[PDB]
Structure formats: C-alpha cells, structure tokens
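Visitor: Starting off with a structure, shown below.
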Amino acid sequence: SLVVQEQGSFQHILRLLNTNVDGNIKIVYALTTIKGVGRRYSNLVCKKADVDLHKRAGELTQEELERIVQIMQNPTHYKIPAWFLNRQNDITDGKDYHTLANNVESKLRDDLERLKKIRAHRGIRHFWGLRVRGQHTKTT
Amino acid sequence: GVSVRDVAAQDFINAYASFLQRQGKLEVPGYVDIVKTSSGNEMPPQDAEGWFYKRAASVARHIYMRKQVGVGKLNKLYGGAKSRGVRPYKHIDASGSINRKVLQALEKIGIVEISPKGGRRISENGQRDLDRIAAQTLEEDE
Amino acid sequence: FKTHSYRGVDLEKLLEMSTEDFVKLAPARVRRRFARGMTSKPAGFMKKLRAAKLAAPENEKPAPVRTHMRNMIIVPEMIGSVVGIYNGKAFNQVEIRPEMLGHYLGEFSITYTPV
Amino acid sequence: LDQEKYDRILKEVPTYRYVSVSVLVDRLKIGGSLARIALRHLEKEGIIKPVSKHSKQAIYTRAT
RNA sequence: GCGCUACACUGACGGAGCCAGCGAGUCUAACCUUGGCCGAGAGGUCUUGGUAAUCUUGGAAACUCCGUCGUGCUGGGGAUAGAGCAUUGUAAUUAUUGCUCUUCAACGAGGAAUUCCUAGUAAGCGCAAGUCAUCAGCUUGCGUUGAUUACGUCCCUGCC
C-alpha cells in the first residue's frame, strides 16, 4: 500500500541461537538461515505467534525476536502436534521434542554414537564412509 | 433476468468467498489453518484463512456445476500432480477431511444437500442463495 | 555417573520382562512383527536361551546355543543370552544387552568381505 | 526503504511515461520485493494512468 | 554411457479462472476409498459405496485470469544440511517416503565429439498401468497445446 516510513529500530542485521541472520532480506527464512527449522515449523511459530509473514528480519518489537527465541527449543504448548517432528521418540529419554540449531549438530551426532556401541547395520554401513539405504551407488 | 454461468469463474469465488468471510454461523473446523490441505504440495494454502472462505464458493457453483459426487471424487480435483524431484514428475488425490466438512457445514443452513443415489446436489434455498448472489457479482461486472 | 533407561522408560523391568509389554514399545516395524507370522520362530530357542541362560553354574558366560534365525528380535528376558548365528556357513557368537534392546537378529552378523 | 526512496518515486512517476518493477530496479535500484506497492499505491488525480495484465506482466504508464 | 530440474520478467512466487485420454479394483479379505468430522500439514479415521459405462471417477498439469516481484547469482538456482512430526514396514541404522520451518551448494546457455526426426510430425506439461508392502529421476501407453525445416540428393558412411 506504500513505502513505510523503514526510522531505525529499522536495525540492519539480526541476532535467532548464535546461529548468523541477515536484516533487510521476507522473514519465514531470514527464522531456515538455521539448522533444524525450515518453512514448516517456521509457518507455525509465526501463526501460533503474533507475527508478520511479510516483515523482514531486522524489523523486530523484541517482546517477536524472545517469543519467536522461545513454541522452538516447549514444543508441546502453543499447539505443536508432535508427526510434525524429526526428535520423534528419543528412545534412549519417550520424548515429544525439537532438535534445534547448535543441537541438531550434537544430537545429526549422539544418535550414531546408541548404534555404534552395538556391533549393527543401520550405523555400520556413517561408519565405512559408503550407503546404508540399500542401493548400488558406484556412479554418484 | 439473471444467472451461475451468465457470470465469471472468480467474481461470484471472491464476492461468495466476503458474503460465507462475513456470515458467521460460517462453522470453522479445527485443522483449518495449519496441517497441509494437499501430500504433493511443502506449502499449505498461502492464505491460512477464512481457503477454508475461498473454498466455500468453489465445491459450494461446482455442484448445483453438475448433478452429484462427494469424497474420493473433491479428492481427484484439488491437488494436481506431484513434485517427486529427481523420478519423473507424477496425479495425487488431497485429504477427504475439510470438504468430508464443508461437507457437513454448508448441511447446516440450506445451501448444499445430500443427493439420493448418496453424497453431494445444492438444495431447492441453496441454488435461491446462488442465482441472490450471482446477481448482486454480475453488478460488479455491470 | 548416570545406566540405559531403554524409551529416565524410570532398566527398572527392562532387565527381565514380558514378550504384551515390549510387544508395544518397539519402533513402528516390530505391531507388525510380534503380530505378523507371529508362532514357529522360537519353537525351541526361548525353550536351548532357556536350557544356555539356565544350565550355567551364573556371572561363568553360558554354553553357546544353536542357530538360522537371524530373524528373531532383541526382548527384555534374553538379557545376557549366550548367543551363537548362520551368515550362510558358520556360527559367528555375540555378547547379548540393555542397549541392544528394539533393534535387529542376525543386522548384527555381517554375512558378505568389505575390502 | 528510507525517506529518499519514496520522494525521489513520486516527483521524478506522474509524467514518467513507461514503467514497471524492472523500471524501479534499473532507475528509483534495491528492493523489487515491495515494488508491484509504491508504484499502484494512488491509481488525488496525479500518479499513473495505465494500459497494464494478471499477476503475468504489469506493463503501467501519463493524469494526462 | 542412459537421464532429471535450471542459468530467468517469453520467469518465479501467489490468489482466480479452472480443462482430457490410456487404466485399474475388493473374495473368500482388505483393492478402491469418497462422503462427514479430527490434523497448519503429512494424515487419522469413522463409516460409506463399488467384483464395476453402476462407486472412488466429470474438476491432471502447461494456461487464461488479476497482480506482486524489477535487472539486485535475485523474488533465477533448491545443493547440502539441523531437528522434529507423521505414514507404511518382525526389522527402518549404510534417515523407504512424506511433510513441517531454516542451513541457500554449483551454474550465468555447456569444448573435442556427436546423436536423432518430414506432420498432430519435434519437443514439454502432466497422468493411469508394469513393478509393488512400500521407494521412479526408468518401462509402456495416452491425450491436451503444438511449430520450424525439406518433401531432395549420392559429398559421405552403411549396405545392396
């Protein structure tokens, strides 16, 4: 409807989970320069959140940074339907949970090294550097 | 004298959509913002909204256009192919759910009805409510 | 230090338990394995697991069983058992566990060589 | 998006004859996402008089 | 070696118009499933019909619509990744697939080569079958849009 007069609280690069973000990019992404989140947990944490889906990554009230660091990380509460998921049943600690940013990188990790203690064939064929899904790959 | 046919295929869409947006009666089922409609769409509907009030004039104009049909029919219609990616592109039949529930909500007022043979037939009201509102969408064209 | 609590669910009951019990607690596949072609898997292993775990002195591992059921499951009553499996020719044995529990048997036995 | 991007826009886009959104990224450079906005806004008697169709091209133009 | 998407505004995203044809299909048991709900979704299911011009099944995509994007490796490119949530499968690990959101890899029209093609023909947008519990970037078959270029020679190869 117009060019919106963005004052500077347009602030021009952003930081969400230590893990970089850019600040005049159209949001749902930006939440996608991340691990473990991608335009589907992202278009829920914005609908269960009081959001814009067309705002940028710099243009962020902060009451919409800390509620959007927050649903994330929680999972079951602002209706997160649990099929929606990756840490689908822990199976070591159940649980209904989300594997995140720094954390999908050290849990990718801790799922291989409950089946390399074993000595089986879902994390021994990851072990020879060659693939486990059953195929003949030679070409690649 | 003044038809549903005599009028275009997205003005009736957006001018029954802002009729069934601004009716309140319409009910609005609980997996109708989130959940992906269709499974080859990644994107649900870009409205998230009262696609439900844009699927409430589609469905509905779509009935009346023919005899009868639905839910495993509005199942072959609303989707398209598949995004299989790499695998030469492939049809996928939606989710009977949302319109198995607008078809039991339209059942409510007197717009859509259950055609004997059975399954969705618009009533006798209903049509009354589409020839009132194909003549109120003919005068945004006139 | 903090022991493998199998799904703390709080080993304690994942040490020595039914066949109803963990019939449920496996990941999707297995539901469709204890309940499909259920009989005739252990017509006589859980009855040579119970002849083994059971003819020892315990703590000396027991006298090796035989088997070609690489198609059996890992359950919370075969905890310790000893087990010995056809890769097509010879009986490769295996340490049997609380953290092998829900996982595939003879994945383990490695058949085919690699290099 | 600051306030010598919309008033460079409106004093430059009344008699500015041929326009689009490839016209505001090559003349006013940054954006596009936004641009199909501060063009279209209104449509006050003094912005653009069009022979534009759908979505897929928006070919606008001169009030006079 | 056989192949899929793309280097764009003659496109990518979105509403709103919104269109066929080849099939198939459950019996001694779980093949097709709507409808009407529950799920953002992927789905779940109640229940329904159908041994089928009788059901799912008349609604597939390229497109016209109405525009946002504006010459920004992007709002072309969709690589590789982190988790979750689902849907099958005694076994999902060398994630069968799917969703949910973010990580945003090359390549800015493809050298020495070298194919296939004279009419609804070249080629692209789909889909139903053949696998099958599933997993198609293949095999087969169809149509819906559909032109260039000759309609001739023995320069060549090849064989008569």
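Residues in the structure tokens are numbered from 1 in each chain, the chains being A, B, ... in the order shown, and ligands are numbered from 1 in the order shown.
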Taking 6 positions as the minimum chain separation for residues in the same chain, which residues sit within 8 Å of region 61-73 of chain B when counting only C-alpha atoms (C1' of nucleotides)? Answer as a PDB file with N, CA, C and O atoms (P, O5', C5', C4', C3', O3' and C1' of nucleotides), in the first residue's frame.
Guide:
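File written: result22.pdb
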```pdb
ATOM      1  N   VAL B   4     -24.754 -19.667 -13.347  1.00  0.00           N
ATOM      2  CA  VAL B   4     -24.135 -19.465 -12.046  1.00  0.00           C
ATOM      3  C   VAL B   4     -22.685 -19.982 -12.020  1.00  0.00           C
ATOM      4  O   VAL B   4     -21.724 -19.210 -12.162  1.00  0.00           O
ATOM      5  N   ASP B  93      -4.283 -37.730  -5.170  1.00  0.00           N
ATOM      6  CA  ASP B  93      -5.602 -37.433  -4.600  1.00  0.00           C
ATOM      7  C   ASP B  93      -5.442 -36.862  -3.192  1.00  0.00           C
ATOM      8  O   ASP B  93      -4.338 -36.473  -2.790  1.00  0.00           O
ATOM      9  N   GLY B  96      -9.689 -36.198   2.436  1.00  0.00           N
ATOM     10  CA  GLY B  96     -11.120 -36.039   2.258  1.00  0.00           C
ATOM     11  C   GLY B  96     -11.713 -35.058   3.253  1.00  0.00           C
ATOM     12  O   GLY B  96     -12.842 -34.603   3.077  1.00  0.00           O
ATOM     13  N   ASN B  99     -13.481 -30.883   2.980  1.00  0.00           N
ATOM     14  CA  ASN B  99     -14.634 -30.772   2.052  1.00  0.00           C
ATOM     15  C   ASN B  99     -15.288 -31.918   1.257  1.00  0.00           C
ATOM     16  O   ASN B  99     -14.797 -33.057   1.270  1.00  0.00           O
ATOM     17  N   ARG B 100     -15.229 -33.505   3.606  1.00  0.00           N
ATOM     18  CA  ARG B 100     -15.996 -34.594   4.192  1.00  0.00           C
ATOM     19  C   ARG B 100     -16.894 -34.101   5.321  1.00  0.00           C
ATOM     20  O   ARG B 100     -18.072 -34.450   5.382  1.00  0.00           O
ATOM     21  N   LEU B 103     -18.330 -31.963   4.258  1.00  0.00           N
ATOM     22  CA  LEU B 103     -19.393 -31.215   3.610  1.00  0.00           C
ATOM     23  C   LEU B 103     -20.592 -30.955   4.539  1.00  0.00           C
ATOM     24  O   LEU B 103     -21.669 -30.548   4.097  1.00  0.00           O
ATOM     25  N   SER B 115     -27.299 -35.820  -2.260  1.00  0.00           N
ATOM     26  CA  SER B 115     -28.022 -36.368  -3.420  1.00  0.00           C
ATOM     27  C   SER B 115     -28.298 -37.862  -3.277  1.00  0.00           C
ATOM     28  O   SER B 115     -27.363 -38.640  -3.131  1.00  0.00           O
ATOM     29  N   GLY B 119     -24.362 -38.670  -1.289  1.00  0.00           N
ATOM     30  CA  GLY B 119     -23.300 -37.673  -1.433  1.00  0.00           C
ATOM     31  C   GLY B 119     -23.670 -36.474  -2.278  1.00  0.00           C
ATOM     32  O   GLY B 119     -24.490 -36.578  -3.188  1.00  0.00           O
ATOM     33  N   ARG B 120     -23.050 -35.333  -1.978  1.00  0.00           N
ATOM     34  CA  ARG B 120     -23.333 -34.070  -2.677  1.00  0.00           C
ATOM     35  C   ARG B 120     -23.126 -34.204  -4.182  1.00  0.00           C
ATOM     36  O   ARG B 120     -23.889 -33.649  -4.969  1.00  0.00           O
ATOM     37  N   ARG B 121     -26.113 -32.474  -6.266  1.00  0.00           N
ATOM     38  CA  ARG B 121     -26.783 -31.773  -5.184  1.00  0.00           C
ATOM     39  C   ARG B 121     -25.795 -31.540  -4.040  1.00  0.00           C
ATOM     40  O   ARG B 121     -24.793 -30.840  -4.196  1.00  0.00           O
ATOM     41  N   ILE B 122     -26.672 -28.924  -3.927  1.00  0.00           N
ATOM     42  CA  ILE B 122     -27.406 -27.705  -3.630  1.00  0.00           C
ATOM     43  C   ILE B 122     -28.907 -28.005  -3.484  1.00  0.00           C
ATOM     44  O   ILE B 122     -29.452 -28.806  -4.233  1.00  0.00           O
ATOM     45  N   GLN B 127     -29.615 -22.864  -4.083  1.00  0.00           N
ATOM     46  CA  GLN B 127     -29.306 -22.601  -5.504  1.00  0.00           C
ATOM     47  C   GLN B 127     -28.970 -21.156  -5.835  1.00  0.00           C
ATOM     48  O   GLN B 127     -29.706 -20.468  -6.550  1.00  0.00           O
ATOM     49  N   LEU B 130     -27.607 -18.694  -4.723  1.00  0.00           N
ATOM     50  CA  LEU B 130     -26.509 -18.688  -5.730  1.00  0.00           C
ATOM     51  C   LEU B 130     -26.871 -18.176  -7.153  1.00  0.00           C
ATOM     52  O   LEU B 130     -25.970 -17.999  -7.972  1.00  0.00           O
TER      53      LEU B 130
ATOM     54  P     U E  33      -7.565 -45.048  -3.621  1.00  0.00           P
ATOM     55  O5'   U E  33      -8.365 -43.683  -3.400  1.00  0.00           O
ATOM     56  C5'   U E  33      -9.079 -43.420  -2.173  1.00  0.00           C
ATOM     57  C4'   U E  33     -10.361 -44.220  -2.146  1.00  0.00           C
ATOM     58  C3'   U E  33     -11.629 -43.411  -1.897  1.00  0.00           C
ATOM     59  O3'   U E  33     -12.047 -42.346  -2.756  1.00  0.00           O
ATOM     60  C1'   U E  33     -11.634 -45.498  -0.671  1.00  0.00           C
ATOM     61  P     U E  34     -10.908 -39.842   1.063  1.00  0.00           P
ATOM     62  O5'   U E  34     -11.875 -40.057  -0.163  1.00  0.00           O
ATOM     63  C5'   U E  34     -12.312 -38.944  -1.086  1.00  0.00           C
ATOM     64  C4'   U E  34     -13.687 -39.231  -1.673  1.00  0.00           C
ATOM     65  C3'   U E  34     -14.840 -38.442  -1.072  1.00  0.00           C
ATOM     66  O3'   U E  34     -15.020 -37.129  -1.601  1.00  0.00           O
ATOM     67  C1'   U E  34     -15.477 -40.727  -1.354  1.00  0.00           C
ATOM     68  P     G E  35     -14.964 -35.849  -0.630  1.00  0.00           P
ATOM     69  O5'   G E  35     -16.402 -35.792   0.069  1.00  0.00           O
ATOM     70  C5'   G E  35     -17.647 -36.197  -0.560  1.00  0.00           C
ATOM     71  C4'   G E  35     -18.609 -36.736   0.488  1.00  0.00           C
ATOM     72  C3'   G E  35     -18.732 -36.161   1.900  1.00  0.00           C
ATOM     73  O3'   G E  35     -19.464 -34.940   2.016  1.00  0.00           O
ATOM     74  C1'   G E  35     -18.753 -38.524   1.981  1.00  0.00           C
ATOM     75  P     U E  56     -18.481 -40.810  -6.135  1.00  0.00           P
ATOM     76  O5'   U E  56     -16.975 -41.343  -6.042  1.00  0.00           O
ATOM     77  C5'   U E  56     -16.300 -41.422  -4.761  1.00  0.00           C
ATOM     78  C4'   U E  56     -14.903 -42.020  -4.857  1.00  0.00           C
ATOM     79  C3'   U E  56     -13.840 -41.202  -5.580  1.00  0.00           C
ATOM     80  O3'   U E  56     -13.232 -40.246  -4.715  1.00  0.00           O
ATOM     81  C1'   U E  56     -13.606 -43.563  -5.991  1.00  0.00           C
ATOM     82  P     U E  57     -12.060 -39.262  -7.301  1.00  0.00           P
ATOM     83  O5'   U E  57     -12.803 -39.241  -8.714  1.00  0.00           O
ATOM     84  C5'   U E  57     -14.092 -38.607  -8.864  1.00  0.00           C
ATOM     85  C4'   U E  57     -14.744 -38.970 -10.183  1.00  0.00           C
ATOM     86  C3'   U E  57     -15.996 -39.831 -10.091  1.00  0.00           C
ATOM     87  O3'   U E  57     -16.811 -39.660 -11.251  1.00  0.00           O
ATOM     88  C1'   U E  57     -14.299 -41.071 -11.135  1.00  0.00           C
TER      89        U E  57
END
```
Visitor: Select residues of chain E: the criterion is any atom within 9 Å of an atom of chain D, counting only C-alpha atoms (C1' of nucleotides); output as an MDAnalysis selection string.
Guide: chainID E and resid 9 14 65:72 75
Visitor: Expressed in Å to a single decimal, how great is the separation between CA of residue 121 (chain A) and CA of residue 39 (chain C)?
Guide: 26.2 Å
Visitor: Could the residues of chain D within 9 Å of chain A, counting only C-alpha atoms, be given as a list in words, please?
Guide: residues 1, 2, 3, 5, 6, 33, 34, 35, 37, 38, 39, 40, 41 and 42 of chain D
Visitor: With 12 Å as the limit and counting only C-alpha atoms (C1' of nucleotides), what residues in chain C lie close to chain E? Please list them as a ChimeraX atom specification.
Guide: /C:23,26-39,41,69-74,102-108
Visitor: Filtering to N, CA and C atoms, could you give me those residues as a tab-separated table (two decimals), in the first residue's frame?
Guide:
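Writing the result to part-v3.tsv gives the following:
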```tsv
chain	number	residue	atom	x	y	z
C	23	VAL	N	6.17	-55.91	23.39
C	23	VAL	CA	5.42	-56.11	22.15
C	23	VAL	C	4.97	-54.74	21.61
C	26	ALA	N	8.36	-51.03	20.82
C	26	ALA	CA	9.32	-51.02	19.74
C	26	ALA	C	8.99	-49.88	18.75
C	27	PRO	N	9.91	-49.56	17.81
C	27	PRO	CA	9.62	-48.52	16.82
C	27	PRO	C	8.87	-49.11	15.62
C	28	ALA	N	7.72	-48.47	15.29
C	28	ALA	CA	6.75	-48.99	14.30
C	28	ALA	C	6.76	-50.39	13.63
C	29	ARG	N	7.94	-50.81	13.21
C	29	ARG	CA	8.12	-52.03	12.44
C	29	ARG	C	7.69	-53.20	13.26
C	30	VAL	N	8.30	-53.31	14.43
C	30	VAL	CA	8.20	-54.51	15.24
C	30	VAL	C	6.86	-54.57	15.96
C	31	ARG	N	3.69	-54.98	16.81
C	31	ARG	CA	2.97	-54.03	15.98
C	31	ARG	C	2.73	-54.64	14.60
C	32	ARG	N	3.82	-55.02	13.95
C	32	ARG	CA	3.77	-55.69	12.65
C	32	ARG	C	4.89	-56.74	12.51
C	33	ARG	N	5.28	-57.35	13.63
C	33	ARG	CA	6.32	-58.39	13.63
C	33	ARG	C	6.12	-59.42	14.74
C	34	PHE	N	5.93	-58.96	15.98
C	34	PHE	CA	5.40	-59.81	17.05
C	34	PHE	C	3.95	-60.22	16.71
C	35	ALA	N	3.25	-59.38	15.93
C	35	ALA	CA	1.86	-59.63	15.49
C	35	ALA	C	1.74	-60.01	14.01
C	36	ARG	N	2.87	-60.27	13.35
C	36	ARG	CA	2.88	-60.67	11.95
C	36	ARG	C	4.23	-61.27	11.56
C	37	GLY	N	2.46	-63.93	10.81
C	37	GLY	CA	3.69	-64.66	11.06
C	37	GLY	C	4.26	-64.30	12.42
C	38	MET	N	3.44	-64.47	13.45
C	38	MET	CA	3.79	-64.08	14.82
C	38	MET	C	5.07	-64.77	15.31
C	39	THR	N	4.10	-67.44	15.69
C	39	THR	CA	4.41	-68.82	16.02
C	39	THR	C	5.55	-69.36	15.14
C	41	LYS	N	8.76	-69.17	15.36
C	41	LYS	CA	10.07	-68.54	15.42
C	41	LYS	C	10.83	-69.21	16.59
C	69	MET	N	17.78	-68.53	12.55
C	69	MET	CA	17.09	-67.31	12.98
C	69	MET	C	17.78	-65.99	13.26
C	70	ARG	N	18.48	-65.50	12.26
C	70	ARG	CA	18.78	-64.08	12.15
C	70	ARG	C	17.49	-63.24	12.10
C	71	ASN	N	16.35	-63.90	11.87
C	71	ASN	CA	15.02	-63.27	12.06
C	71	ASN	C	14.22	-63.16	13.38
C	72	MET	N	14.91	-63.32	14.50
C	72	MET	CA	14.33	-63.13	15.84
C	72	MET	C	14.56	-61.67	16.29
C	73	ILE	N	13.94	-61.27	17.40
C	73	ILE	CA	14.01	-59.89	17.93
C	73	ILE	C	14.97	-59.75	19.16
C	74	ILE	N	15.49	-58.54	19.39
C	74	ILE	CA	16.11	-58.17	20.67
C	74	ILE	C	15.25	-57.12	21.38
C	102	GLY	N	14.32	-53.85	20.35
C	102	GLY	CA	14.05	-52.62	19.61
C	102	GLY	C	14.96	-52.45	18.41
C	103	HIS	N	16.07	-53.18	18.42
C	103	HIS	CA	16.98	-53.21	17.28
C	103	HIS	C	17.05	-54.64	16.72
C	104	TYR	N	17.23	-54.75	15.41
C	104	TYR	CA	17.56	-56.04	14.78
C	104	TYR	C	18.71	-56.92	15.25
C	105	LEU	N	17.21	-60.72	14.48
C	105	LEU	CA	18.59	-60.51	14.92
C	105	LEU	C	19.51	-60.52	13.67
C	106	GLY	N	20.35	-61.55	13.54
C	106	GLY	CA	21.47	-61.59	12.59
C	106	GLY	C	21.37	-60.59	11.41
C	107	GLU	N	20.93	-57.65	11.04
C	107	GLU	CA	21.86	-56.54	11.13
C	107	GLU	C	23.24	-57.01	11.67
C	108	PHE	N	23.25	-57.55	12.89
C	108	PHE	CA	24.48	-57.75	13.72
C	108	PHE	C	25.55	-58.60	13.01
```
Visitor: Excluding residue 85 (chain B) and any residue of its chain fewer than 2 positions from it, enumerate the residues within 12 Å of it, using only C-alpha atoms (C1' of nucleotides), and give them as a list in words.
Guide: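 The contact residues come out as residues 40, 81, 82, 83, 87, 88, 89 and 90 of chain B; 4, 5, 78, 136 and 137 of chain E.
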